[PDB]
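What follows is a single structure, written as C-alpha coordinates, with notes after it.
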Amino acid sequence: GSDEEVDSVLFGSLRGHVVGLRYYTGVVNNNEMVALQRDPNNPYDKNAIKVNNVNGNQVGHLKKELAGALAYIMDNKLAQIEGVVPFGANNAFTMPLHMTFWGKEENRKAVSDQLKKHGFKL
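Going by the authors' numbering, the sequence shown opens with residue 50, and the numbers climb by one from there.
This is the structure in C-alpha coordinates:
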(Lines of atoms letter the chains of each structure in order from A; the text may use other names.)
(Lines give C-alpha, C1' and ligand atoms only; values in the text may rest on other atoms or scores of the structure.)
Protein backbone atom coordinates (compact mmCIF):
# COMPACT_ATOMS: atom_id res chain seq x y z
CA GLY A 50 0.00 0.00 0.00
CA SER A 51 1.04 3.59 0.86
CA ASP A 52 4.11 2.29 2.85
CA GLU A 53 5.41 1.05 -0.57
CA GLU A 54 4.16 3.55 -3.22
CA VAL A 55 3.97 6.88 -1.23
CA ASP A 56 7.39 6.01 0.23
CA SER A 57 9.61 7.60 -2.47
CA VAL A 58 12.99 9.41 -2.44
CA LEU A 59 13.69 12.84 -4.01
CA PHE A 60 15.11 12.72 -7.58
CA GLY A 61 15.39 16.49 -7.66
CA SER A 62 13.47 19.37 -9.27
CA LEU A 63 12.61 19.48 -13.01
CA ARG A 64 11.98 22.65 -15.11
CA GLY A 65 9.02 22.69 -17.54
CA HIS A 66 6.96 25.13 -19.66
CA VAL A 67 3.11 24.72 -19.55
CA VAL A 68 1.48 25.39 -22.97
CA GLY A 69 -1.97 24.33 -21.64
CA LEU A 70 -2.52 27.52 -19.55
CA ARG A 71 -3.90 29.70 -22.43
CA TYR A 72 -6.57 26.97 -23.17
CA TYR A 73 -9.23 28.68 -20.96
CA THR A 74 -7.83 31.30 -18.46
CA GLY A 75 -4.15 30.70 -17.58
CA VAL A 76 -4.75 31.99 -13.98
CA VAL A 77 -3.85 30.36 -10.59
CA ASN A 78 -2.98 31.41 -6.97
CA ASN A 79 0.45 33.20 -6.61
CA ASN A 80 2.02 30.03 -5.07
CA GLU A 81 -0.19 27.13 -6.36
CA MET A 82 0.60 23.40 -6.58
CA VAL A 83 -0.44 21.47 -9.72
CA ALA A 84 -1.22 17.73 -9.89
CA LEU A 85 -0.28 15.90 -13.10
CA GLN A 86 -3.01 13.41 -14.21
CA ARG A 87 -2.95 11.29 -17.45
CA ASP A 88 -5.73 11.33 -20.14
CA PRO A 89 -9.14 12.35 -18.49
CA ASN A 90 -10.92 11.33 -21.75
CA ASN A 91 -8.33 11.75 -24.59
CA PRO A 92 -8.70 8.42 -26.61
CA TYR A 93 -5.95 8.62 -29.30
CA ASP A 94 -3.74 10.81 -27.02
CA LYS A 95 -3.65 8.73 -23.78
CA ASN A 96 -0.16 10.29 -23.31
CA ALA A 97 -1.73 13.81 -23.02
CA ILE A 98 -1.29 14.76 -19.32
CA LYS A 99 -4.17 16.88 -17.92
CA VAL A 100 -2.72 19.17 -15.22
CA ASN A 101 -5.07 20.55 -12.51
CA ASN A 102 -4.08 22.83 -9.55
CA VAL A 103 -5.09 22.20 -5.85
CA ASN A 104 -7.66 25.06 -6.23
CA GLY A 105 -9.46 22.57 -8.62
CA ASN A 106 -8.98 24.27 -12.04
CA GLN A 107 -7.87 22.05 -15.01
CA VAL A 108 -5.79 25.03 -16.28
CA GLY A 109 -2.56 23.19 -17.31
CA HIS A 110 -1.80 20.61 -20.07
CA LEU A 111 1.40 19.10 -21.62
CA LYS A 112 2.14 18.73 -25.37
CA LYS A 113 2.29 15.22 -26.94
CA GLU A 114 6.15 15.57 -27.01
CA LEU A 115 6.51 16.45 -23.27
CA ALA A 116 3.72 14.06 -22.15
CA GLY A 117 5.19 11.38 -24.49
CA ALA A 118 8.03 10.74 -21.95
CA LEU A 119 6.16 11.21 -18.61
CA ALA A 120 3.18 9.07 -19.94
CA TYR A 121 5.04 5.80 -19.08
CA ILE A 122 5.98 7.08 -15.58
CA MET A 123 2.39 8.40 -15.09
CA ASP A 124 0.24 5.49 -16.33
CA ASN A 125 2.39 2.73 -14.74
CA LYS A 126 3.04 4.95 -11.61
CA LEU A 127 6.84 4.32 -11.90
CA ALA A 128 7.54 7.65 -10.14
CA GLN A 129 5.74 10.77 -8.81
CA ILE A 130 5.77 14.11 -10.72
CA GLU A 131 4.57 16.80 -8.24
CA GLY A 132 4.14 20.28 -9.80
CA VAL A 133 4.31 23.69 -8.04
CA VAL A 134 3.58 27.19 -9.50
CA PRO A 135 5.57 30.01 -7.66
CA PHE A 136 5.03 32.18 -10.84
CA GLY A 137 1.29 32.50 -10.01
CA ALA A 138 0.39 32.55 -13.77
CA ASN A 139 0.90 36.33 -14.23
CA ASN A 140 0.31 35.75 -17.98
CA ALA A 141 -2.16 33.29 -19.60
CA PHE A 142 0.77 32.35 -21.91
CA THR A 143 3.47 29.66 -21.35
CA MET A 144 5.42 30.07 -18.04
CA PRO A 145 8.23 27.96 -16.34
CA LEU A 146 6.76 25.13 -14.14
CA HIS A 147 8.65 23.64 -11.13
CA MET A 148 8.00 19.85 -10.78
CA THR A 149 9.63 18.21 -7.74
CA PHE A 150 10.20 14.64 -8.94
CA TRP A 151 9.99 11.67 -6.50
CA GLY A 152 10.41 7.89 -7.09
CA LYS A 153 12.15 4.68 -5.89
CA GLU A 154 15.62 3.10 -6.67
CA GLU A 155 13.95 0.07 -8.35
CA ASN A 156 12.14 2.33 -10.90
CA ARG A 157 14.96 5.01 -11.17
CA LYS A 158 16.64 3.04 -14.02
CA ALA A 159 13.49 2.82 -16.25
CA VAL A 160 12.36 6.40 -15.42
CA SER A 161 15.76 8.16 -15.95
CA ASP A 162 16.28 6.03 -19.13
CA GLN A 163 13.01 7.45 -20.58
CA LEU A 164 13.88 11.04 -19.38
CA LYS A 165 17.30 11.13 -21.24
CA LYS A 166 16.05 8.98 -24.21
CA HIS A 167 13.02 11.11 -25.12
CA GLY A 168 14.59 14.27 -23.59
CA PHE A 169 11.25 15.83 -22.46
CA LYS A 170 10.22 17.15 -18.96
CA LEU A 171 6.93 18.89 -17.89
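Think of the CB as a built atom: it goes at the ideal place given N, C-alpha and C, for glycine as much as any other residue.
What does the alpha-carbon distance come out to for the pair residue i and residue j?
i	j	result
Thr74	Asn106	10 angstroms
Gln163	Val83	22 angstroms
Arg157	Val134	25 angstroms
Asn80	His147	11 angstroms
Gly137	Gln129	22 angstroms
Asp56	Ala141	35 angstroms
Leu171	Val100	10 angstroms
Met144	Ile122	23 angstroms
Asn104	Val77	8 angstroms
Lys166	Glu114	12 angstroms
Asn102	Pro89	15 angstroms
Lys112	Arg71	13 angstroms
My guess is that residue i and residue j are in contact by the Cβ rule of under 8 angstroms, so how many angstroms apart are they, rounded?
i	j	result
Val160	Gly168	Actually they do not touch by this definition, with Cβ atoms about 14 angstroms apart.
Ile98	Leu119	6 angstroms
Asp52	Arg87	So it is not a contact: roughly 24 angstroms between Cβ atoms.
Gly69	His110	3 angstroms
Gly132	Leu85	6 angstroms
Determine which residues share a DSSP beta bridge with residue i and list them.
i	result
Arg157	According to DSSP, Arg157 bridges with nothing at all.
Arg64	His147
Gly152	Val58 and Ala128
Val83	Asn102 and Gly132
Say whether the region 55 to 65 touches the region 86 to 100, bearing in mind that this needs 3 or more beta-carbon pairs closer than 8 angstroms, one atom from each stretch.
Verdict: no, contact absent.
Which complete beta strand (DSSP E) runs does the region 102 to 146 hold, if anything under 3 residues is left out?
Taking only runs of at least 3 residues, the beta strand (DSSP E) segments lying wholly in the region 102 to 146 are 128 to 134.
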